[PDB]
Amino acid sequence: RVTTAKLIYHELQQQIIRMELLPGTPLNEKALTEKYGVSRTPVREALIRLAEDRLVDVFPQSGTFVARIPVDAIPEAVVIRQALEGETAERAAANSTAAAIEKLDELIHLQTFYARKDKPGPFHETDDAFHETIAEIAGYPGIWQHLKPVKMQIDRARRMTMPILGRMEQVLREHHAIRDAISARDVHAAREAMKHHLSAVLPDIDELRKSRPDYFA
């Protein structure tokens, strides 16, 4: 069931994952309690969970702040995603009806629109929907829900790489490769195009760490 603790949690979590609250931004329990209009109790419960997510840092005699993106865990997150989304890609090709490909094409056209209009936020959200639909076609949409905590730090990094020149267009090219393989029912080609697409995050973060080292730790 929904509680104010879970609702505050998901709201704060989302703001951190979408880089609306940048790393180092303090979080004031007094100011949060006033904002939400509920007790100080559900605020504490949410901050505790966020700390376990490694999303916030509890500096004991200072306060809570938004944590930096841990670099050591990124490669393991890509492998897990390559494996799970490699699976959903394999199965989506096998279960490929034409009405499913239409659903993918509709989402690619929607991404193309956000790229044309240089709106990278909606571009990222339609990116998630594109992958969520691969999981629905494969028959295991829960695999997508399963990855949501895994790809938290990757999503923070990708929020910073999308505005870079030519990046959304590269994503669209990679998505076309994945769709074409699924439409062709090529189980191998689907897996490898998906695993390739997902590896693009690794060089980008190497660059970001040099560029903006205050966002990584």
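Counting begins at 1, following the sequence as shown.
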query	finding
Selected stretch [higher average CA B-factor]: 141-149 or 96-104	96-104
Of 7-15 and 202-210, the stretch whose C-alpha atoms average the higher B-factor in the entry	202-210
Residue 157 by Cα B-factor - lowest, middle or highest third of the modelled chain	middle
Third assignment of residue 72 from its chain's C-alpha B-factors	highest
Ranked against its chain, the third holding the CA B-factor of residue 30	highest
B-factor third for the C-alpha atom of residue 192 within its chain	middle
Cα B factor band for residue 167 (lowest, middle or highest third within the chain)	middle
